[PDB]
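**Q** Quick one: the structure is below, and I'll ask about it shortly.
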Amino acid sequence: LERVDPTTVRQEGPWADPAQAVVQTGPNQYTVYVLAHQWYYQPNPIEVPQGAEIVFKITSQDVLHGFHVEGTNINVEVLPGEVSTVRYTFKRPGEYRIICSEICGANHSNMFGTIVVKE
Ligand code: CUA
């Protein structure tokens, strides 16, 4: 179980700088640091190449959220203080919508993100 301090995730660690969310870890491997907030996803959009192995590292800076990418088998809870790891390879270029699968307050029904998969 990979744990982090939710009260400092925006000040230190790999979720602190949104511009550095996508890190290449291999020739066709990328780690993506996703930080869920009430009520939006950091970063937005997530930009990754087609056919690359993506390792999502997702955590929350406040409450329980969800991270479900439509058209995929990605569907995980996002707990404050814990890192959810999801591995996925996007076969087709285009845009994939992230939806929050866990009720998280007022703007839950509009908490959407975007993943743009480049050819
Ligand atoms: Cu985040 Cu519902």
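Chain labels run A, B, ... following the order of the structure tokens; each chain numbers its residues from 1, and ligands are numbered from 1 in the order shown.
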For the structure I just gave you, how does DSSP split chain A - specifically, which residues are strand (DSSP E or B)? Reply as a PyMOL selection string.

**A** chain A and resi 3+22-26+29-37+40-42+46-49+53-60+65-69+75-78+80+82+84-89+94-99+112-118

**Q** For ligand 1, list the contacting residues at 12 Å or closer, counting only C-alpha atoms and all ligand atoms, as a PyMOL selection string.

**A** chain A and resi 35-42+59-68+76-80+98-113

**Q** Report as a PyMOL selection string all protein, DNA and RNA residues lying within 12 Å of residue 24 (chain A), evaluated on only C-alpha atoms, omitting residues in the same chain fewer than 5 positions from it.

**A** chain A and resi 29-33+47-49+52-56

**Q** Separation of CA of residue 71 (chain A) and CA of residue 26 (chain A), in Å?

**A**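 Rounded to one decimal, the two atoms are 25.1 Å apart.
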
**Q** Between A:25, A:20, A:8, A:50, which residue has the minimum interatomic distance to residue 81 (chain A), considering only C-alpha atoms?

**A** A:8

**Q** Report, in Å to a single decimal, how far apart CA of residue 34 (chain A) and CA of residue 70 (chain A) are.

**A**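 Between these atoms lies a distance of 16.4 Å.
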
**Q** Write out as a list in words each polymer residue whose atoms come within 7 Å of residue 46 (chain A), counting only C-alpha atoms; drop sequence neighbours fewer than 5 positions from it.

**A**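 The neighbour list is residues 114, 115 and 116 of chain A.
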
**Q** Please dump the current selection as a PDB file, in the first residue's frame; keep C-alpha atoms.

**A**
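Dumped everything to result-v1.pdb:
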```pdb
ATOM      1  CA  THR A 114      -9.760  14.551 -20.520  1.00  0.00           C
ATOM      2  CA  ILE A 115      -7.017  12.250 -21.774  1.00  0.00           C
ATOM      3  CA  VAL A 116      -5.706  13.116 -25.246  1.00  0.00           C
TER       4      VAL A 116
END
```

**Q** Work out how far apart CA of residue 96 (chain A) and CA of residue 22 (chain A) are and give it in Å to one decimal.

**A**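 We find that CA of residue 96 (chain A) and CA of residue 22 (chain A) lie 16.4 Å from each other.
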